[PDB]
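Listed next as structure tokens is one chain, alone, in the form deposited in one PDB entry.
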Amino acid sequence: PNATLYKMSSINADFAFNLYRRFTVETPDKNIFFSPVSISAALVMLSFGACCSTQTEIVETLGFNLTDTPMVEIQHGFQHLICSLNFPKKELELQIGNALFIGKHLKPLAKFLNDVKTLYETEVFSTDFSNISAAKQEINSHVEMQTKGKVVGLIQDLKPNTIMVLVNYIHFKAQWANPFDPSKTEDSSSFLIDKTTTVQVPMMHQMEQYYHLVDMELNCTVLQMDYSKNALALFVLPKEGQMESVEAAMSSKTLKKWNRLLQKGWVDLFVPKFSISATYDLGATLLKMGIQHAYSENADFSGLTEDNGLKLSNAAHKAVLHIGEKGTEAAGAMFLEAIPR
């Protein structure tokens, strides 16, 4: 049902902004780009096979309160979420899915495999990790294929004793409801990257009716550009010197407020055409956030294999974005690595 769905997404959005804020410390005054839903969906899948404090730590770190939303509701909500995101939408490409690469000698529970395959858009591959170089290439090429060539080389290093890899991928490709006319794009326009330094970017230009606002509390301009179906982009432009304050304030509550306040009217709009890429080593970050037992010699993944024979060792994310006159294409992938417990 939808009440549970909207709860999952609000909790997921607050996780997104909290992780965003951790990134602003890890890589300060640098481009940030990730798929929050990819990261959340990967860890929820891992939690399906976890028990006791290993399981509770994962969903609590993702933002959930088990009194408010019991474990089984979380499981159902995410299963609903993935299903809804993947439902066919006219001229919107949106795919989110998982792949499990299980070592030849692991003893996975039929229950866990049947569940991920039928309820969580997962493909399961028996993988020979004794050829670690071949396994890395196999996983990287699969991710590349499922992201339409956009996420290349997700895994740079794979531990030699790896016995399981869980990957989530997301690919998104949509046209703007109002595409830009490339004859109006200014080939070299200035973009301020710090107080005394500009870079040159193509600047797209159109005068159109857009949902927009100035947030009078947060001192930022918000501009919404719709995609032709079910989806939108929000550009948040802080006033001079206010980026830090805006980053500190962002939450699901902010989006709920903007949903009400946004009003459609004429805007003379200038938007850059650009692409960016980002990568995150998330192992230590997720530990700091509260995922502890998953990494330990007493990791409880008794729902995943017969012998409870694995533990989490590493995690990483890669995401890419391209924005131009026709629309947006974005993709992301989350990698979780396991070794013998």
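Start at 1 and count along the sequence shown; that's the residue number. Between two forms, the rigid core is defined as the largest C-alpha subset superposing within 1.5 Å.
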Subject >> 305 to 313 versus 51 to 59 - greater average Cα B-factor per the deposited record >> reply: 305 to 313
Original post:
For the stretches 285 to 293 and 30 to 38, which has the higher mean C-alpha B-factor as given in the deposited record?
Top reply: 285 to 293
Original post:
Highest Cα B-factor in the deposition, which of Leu158, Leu237, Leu154, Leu100?
Top reply: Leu158
Subject >> Of the residues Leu113, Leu213, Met203, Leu255, the one carrying the largest Cα B-factor as recorded >> reply: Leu113
**OP:** Ordered by C-alpha B-factor within the chain, which third holds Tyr120? Give me lowest, middle or highest, please.
**Re:** middle
**OP:** Report the third (lowest, middle or highest) to which the CA temperature factor of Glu217 belongs, ranking only the modelled residues of the same chain.
**Re:** middle
Original post:
For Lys148, does the deposited CA B-factor place it in the lowest, middle or highest third of the chain?
Top reply: middle
**OP:** Would you check the entry's CA temperature factor for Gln263 and let me know if it's in the chain's lowest, middle or highest third?
**Re:** lowest
Original post:
Mind checking which third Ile170 falls in for C-alpha B-factor across the chain?
Top reply: lowest
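There is another form of the same protein, the form deposited in another entry; it is not shown, and what comes next is about it.
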Original post:
Among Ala249, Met203, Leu106, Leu85, whose C-alpha is off by 2 Å or more between the shown form and the other one on a rigid-core fit?
Top reply: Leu106
**OP:** Take the rigid core as the frame of reference and indicate whether the C-alpha of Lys173 shifts by 2 Å or more between the shown form and the other one.
**Re:** no
Original post:
For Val236, is the CA shift between the shown form and the other one at least 2 Å following rigid-core superposition?
Top reply: no
**OP:** Look at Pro36 and decide if its Cα position differs by 2 Å or more between the shown form and the other one after superposing on the rigid core.
**Re:** no
